[PDB]
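What follows is each chain in one-letter form.
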Amino acid sequence: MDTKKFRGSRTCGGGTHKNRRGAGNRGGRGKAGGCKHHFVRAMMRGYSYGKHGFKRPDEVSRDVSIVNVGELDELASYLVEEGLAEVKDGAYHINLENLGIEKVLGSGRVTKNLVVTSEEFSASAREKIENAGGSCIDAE
Amino acid sequence: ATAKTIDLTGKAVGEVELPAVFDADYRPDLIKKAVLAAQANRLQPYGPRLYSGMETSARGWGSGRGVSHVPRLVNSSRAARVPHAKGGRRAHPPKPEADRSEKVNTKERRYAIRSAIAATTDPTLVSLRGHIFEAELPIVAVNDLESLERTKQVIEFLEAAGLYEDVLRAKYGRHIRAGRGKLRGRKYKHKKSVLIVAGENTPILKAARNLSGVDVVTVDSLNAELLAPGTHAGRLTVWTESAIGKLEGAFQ
Amino acid sequence: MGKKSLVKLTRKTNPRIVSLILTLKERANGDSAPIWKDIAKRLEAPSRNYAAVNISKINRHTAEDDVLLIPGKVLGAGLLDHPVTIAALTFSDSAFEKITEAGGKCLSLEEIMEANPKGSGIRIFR
Amino acid sequence: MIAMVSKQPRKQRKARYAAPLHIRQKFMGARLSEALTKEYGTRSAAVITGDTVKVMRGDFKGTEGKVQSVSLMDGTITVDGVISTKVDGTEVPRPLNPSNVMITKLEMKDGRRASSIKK
RNA sequence: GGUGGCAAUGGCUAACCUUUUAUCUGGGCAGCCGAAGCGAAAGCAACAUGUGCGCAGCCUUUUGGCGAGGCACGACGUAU
RNA sequence: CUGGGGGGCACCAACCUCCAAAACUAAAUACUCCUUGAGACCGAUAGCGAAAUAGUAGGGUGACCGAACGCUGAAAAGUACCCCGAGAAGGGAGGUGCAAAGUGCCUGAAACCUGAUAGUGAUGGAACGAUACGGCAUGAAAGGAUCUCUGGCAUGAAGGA
RNA sequence: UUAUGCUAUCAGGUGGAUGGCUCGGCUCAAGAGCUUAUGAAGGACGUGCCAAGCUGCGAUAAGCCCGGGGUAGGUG
Ligand SMILES: [Mg+2]
Ligand SMILES: [Mg+2]
């Protein structure tokens, strides 16, 4: 706190000089007082007691990266500019495994012709891709 | 943009186009931040000894003895170990593990450096900042300035370029400091005259070295202290053609 | 401009903002147009809560050949279809490239206040 | 010989105070007259008993005389003519400092003196 | 919180190297946060604006109109 | 060896991967008695307990606890000679020095003690003072000169005999 | 000449604050890093012309011999 603000105040913003003794003016040390006298604060902070669910090992689980069709469509010109994509006979041939994306979602609009190869496709993503005349290949 | 180039005789022998670093707006707060960060990073840890004032086995006498409740020596009545007792420890002293280094992002640090470099173009900032000069800012010199090897030649050039009165001002402004700093190594208070910039290491960094106030550096050694001593831009400086070449995209 | 606005002015550090605020109030008195006084009171707000406008929002709301005052920074995210004039406080480089490719202009607040004395048709965005 | 890494006053005064007694011979240095310097090539020299000095600073500016004694530990020399009187009246030598004198006549009796002055 | 740099084509580097003595200049994309959520988990995967009220500001017959941000809806992803 | 181990509960199968129960091995790293350098460090009740005749004086049967003390002057030129005194005490006079700074001697605050000056004082009631009016003392510098004192004239708000 | 006293200022005593100075302390960095039965570190006692303490030294006792550097004084 601002020490110079309190030169000549005695109590230094604490009230009586009987406050600020030690751990008993805080109710215990740490998150102490779980549900006897700090129960309401315990519930509001996000420290409620309980155990709920299980965990799978991290060896087997994976966290897929995603990209929506709108995002993939809008930045296609920049992708071919960087040499990532390819523009043979007009339709963009864009491969998602060189970027680092394992699944294509479907939020947004698609207007350009896209030939997208990847591992996974939501149903709506495939519907939107092929309603614009494009094609999707399950990359293996 | 364009600026007159003057030889060692003081005659304009060309007109060189400046790079885009010199064309930027003045920003005092960024320069402030950069200079303060570097000066904070120079510092050096200090503090008392590990167990100072506490190597003791004092015990209190308790109540009933007619005296206070402070710890005292085992074979006497002299208080010890507490901050208000003579010879006792100090409450909240400095600590050697305190880390006082500051951080500045590279983009804003480069931006402050560019802002400080562009400030030397303005005659007003240079003039009101303390210096004395009779030249057309900015001062640009032909590349043979890196060939000078005797201090007398550098003095001749400075006299012919109207920048020697600042050197004399720095020489005669050297004066003894006041306070406890004299006993610790900082005996004088110096003044800042002129900064000479060269593209590459040459004998000029050894000739214009003893002149009072003059600091000579290469283009790859510019920071914010050199250009804003005390967080005030407007430092007299000299450049060369090679130095101008080095600054096409130097800090962008 | 009581002591309140003087305090809010004293907090600022960047000189260009201070010069803008003073000149905007002067110009607002000169032309009797509340637009400049409004922009001054906006620029004098907390710096945490300025405006950051993406290209998509301008494309969504404006039409062909509008004039725009953005007391903040224009960010480049989206696609710009039609020419627009966006006089804002600052642009990012991608935003500048997109607006230039579309065929618009990127002129600062000084240029817009100098060119148009009254703001007869300016649209404030946020 | 103590390089620029000795810019602290504490170190310099330690070096001058607790010096080996063969280094305190160097502190007995005094300027040479013009002829001496242009015939030996050393801008200065050391003061030794038996040579004529010319006082340059203090109460006796311009008085000449021989050096009557030298003390290494004190760092002071004694000169002819320069004296102080007791209360009862007794002329006493007054110590000086060799950096306030000028050598006009060297005393060559060692033989090693010439080599000692230079190189 | 006050003030700043950069800005979805995002922001910052850490250890370390260049140190020419601790500064400093230039590298360093490992990694962290943001960018998609729901669910114990397997798994599945959304509006890049469809409607209304309307402050500032602008236009105007000084009464109305347009109306960023704001508020209220509608529609959709997932769990039960 | 047509062998053996492992692949986060046990066993079976496929696949992947290794060869224990013997041994050595530089560099990158840790530390500070010690040597050198540097300091937005402390500056004598501070900084190490110790600016070291300091782990000392001193205290405890013992394990062990543990202080205080820096500084004449540029140069001793460290007070000659005379009087008092029992005096190698000390005082006076007289000298040295720009200046007594006269030996633990730079500057030399307050508490406390001695004397002098101003006010008051042996009929007198107390938180030791604030405000207004008087006596006595002082009022050189740094404070005033349409300023201080005494009156006349013109305008005079609320109020108003 | 009002004594014993009270208040304020001045001169002196006592005392050792403040200021100025400081061969000391502390922290960080760079180096360097084992020694002893061929008797170590540490201790007791002795050793000086006048010498009690500390420091050095060991009945050859603030010390002896040789090589180099240094040059006119030395005796912590
Ligand atoms: Mg201490
Ligand atoms: Mg002490």
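Cut-offs and rules
Residues numbered from 1 in each chain as written, not as in the entry; some residues may be left out. Chains lettered and ligands numbered in written order. Part of a larger assembly, values for the part shown. Heavy atoms only, no water. UniProt positions renumbered as here; feature names shortened; annotations may be inferred. Helix = DSSP H or I, 4+ residues; strand = E, 2+ residues; numbered from the N terminus. Rg over C-alpha atoms; globule rule 2.2 N^0.38 Å. Buried < 20%, exposed > 50% of the residue type's maximum accessible area, 1.4 Å probe, protein only. Contact = heavy atoms within 4.5 Å. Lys, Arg positive; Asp, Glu negative; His and termini not counted. Charge placed at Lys NZ, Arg CZ, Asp CG, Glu CD. Near = heavy atom within 4 Å. Polar contact = N/O pair within 3.5 Å; in protein donor to acceptor, adjacent residues only side chain to side chain. Nonpolar A, V, L, I, M, F, W, Y, C, P; charged D, E, K, R; others polar. Patch = residues over 30% accessible without salt bridge, like charges linked within 9 Å, V, L, I, M, F, W, Y side chains within 5 Å. Areas by Shrake-Rupley, 256 points an atom, 1.4 Å probe, with all protein chains shown as cover. Salt bridge = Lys/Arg side-chain N within 4 Å of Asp/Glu carboxyl O. Axes fitted to C-alpha atoms, helices over the stretch in contact; angles between N-to-C directions. Parallel < 35°, antiparallel > 145°, perpendicular 65-115°, else oblique. Left-handed = near helix turned anticlockwise from the far one by under 90°.

Judging from the entry metadata, cryo-EM is the method by which this structure was determined, and 2.85 Å is the reported resolution.

Chain D is annotated in the PDB entry as Large ribosomal subunit protein uL24 of Methanosarcina acetivorans. In the PDB, the structure is listed with the title "Methanosarcina acetivorans 50S subunit obtained from acetate-grown cells". Entered under Subunit in the UniProt record, the comment concerning chain D runs "Part of the 50S ribosomal subunit." The Sequence similarities comment attached to chain D in UniProt states, word for word, "Belongs to the universal ribosomal protein uL24 family."

Going by the PDB entry, chain A carries the name Large ribosomal subunit protein uL15 and comes from Methanosarcina acetivorans. What the UniProt record of chain A gives under Function is the line "Binds to the 23S rRNA."

Novice: Even after reading the chapter, I still don't get the overall build of chain A, so can you show me in this structure?
Specialist: For chain A, the helix and strand inventory stands at 5 helices and 5 strands. For chain A, the sequential pattern of α-helices and β-strands runs α-β-α-α-β-α-β-β-α-β. Radius of gyration (C-alpha) of chain A: 29 Å, far over the 14 Å computed for a compact globule of 140 residues. Seen through its C-alpha atoms, chain A measures out along the principal axes to roughly 85 × 45 × 25 Å. Looking at the 140 residues of chain A, the share that counts as buried comes to 21%. Contacts in chain A between residues far apart in sequence, at least 24 positions, make up 28% of those at least 6 positions apart. Each charge class in chain A was averaged separately, 23 positive and 19 negative side chains, and the resulting centres sit 31 Å apart.

Novice: What is the right way to read the protein's contact with RNA strand E from this model?
Specialist: Around RNA strand E, 66 residues are found, and the nearest of them are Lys 103 and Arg 109 of chain A, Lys 107 and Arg 110 of chain B together with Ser 94 of chain C. Atoms of RNA strand E within 4 Å of the protein: sugar and phosphate make up 68%, bases the balance. Contacts to RNA strand E include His 52 of chain A, whose side-chain N or O atom sits 3.4 Å from a phosphate oxygen. Contact between RNA strand E and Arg 109 of chain B: a phosphate oxygen at 2.9 Å from a side-chain N or O atom of the residue. At the level of secondary structure, the elements contributing two or more residues to the surface near RNA strand E comprise α2 (69-74) and α5 (123-131) of chain A, α1 (28-41) and α2 (106-119) of chain B together with α3 (34-43), α4 (55-61), β2 (67-75) and α5 (93-102) of chain C. Looking at the surface near RNA strand E element by element, the count peaks at 6 residues for α2 of chain B. The residue inventory of the surface near RNA strand E, partitioned by class, reads 18 nonpolar, 23 polar and 25 charged.

Novice: Whenever I open this one, the protein's contact with RNA strand G confuses me. Can you help?
Specialist: Around RNA strand G, a shell composed of 23 residues is seen, among which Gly 47 of chain B together with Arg 10, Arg 13, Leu 72 and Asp 110 of chain D lie nearest. Of all atoms in RNA strand G that approach within 4 Å of the protein, 65% are sugar or phosphate atoms. Between RNA strand G and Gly 47 of chain B there is a distance of 2.7 Å, counted from a sugar or linking oxygen to a backbone nitrogen or oxygen. A distance of 2.9 Å is found between a phosphate oxygen of RNA strand G and a side-chain nitrogen or oxygen belonging to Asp 110 of chain D. Put simply, the parts of the chain that give the surface near RNA strand G at least two residues each are α1 (9-17) and α3 (113-117) of chain D. Among the residues making up the surface near RNA strand G, the classes are represented as 8 nonpolar, 6 polar and 9 charged.

Novice: So what exactly am I meant to see when it comes to the environment of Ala 3 of chain B here?
Specialist: Counting through the fold element by element, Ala 3 of chain B comes out in strand β1 (residues 2-6). Separated by 133 residues in the primary sequence, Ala 3 of chain B and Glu 136 of chain B have C-alpha atoms spaced 8.8 Å apart.

Novice: Sorry if this is basic, but what is going on with a nonpolar patch on the surface here?
Specialist: A cluster of nonpolar side chains, namely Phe 39, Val 40 and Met 43 of chain A, defines an oily patch on the protein surface of about 310 Å² accessible area. Residue position: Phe 39 of chain A is located in helix α1 (residues 39-45).

Novice: It is not clear to me how the packing of helix α2 (residues 15-31) of chain C against α3 of chain C should be interpreted in this structure. Could you clarify?
Specialist: How two helices sit against one another is set out by the angle between their axes and by the gap between those axes. All names here are of chain C. At their nearest, the axes of α2 and α3 sit 8 Å apart, and the two run at 160 degrees to each other. With respect to their mutual orientation, α2 and α3 come out roughly antiparallel. In the crossing of α2 with α3, the sense of the turn from one axis to the other is left-handed. On the side of α2, the interface is formed by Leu 20, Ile 21, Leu 24, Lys 25, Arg 27, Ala 28 and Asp 31, while α3 contributes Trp 36, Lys 37, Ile 39, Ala 40 and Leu 43. Taken together, the residues of the contact of α2 with α3 sort by class into 8 nonpolar, no polar and 4 charged.

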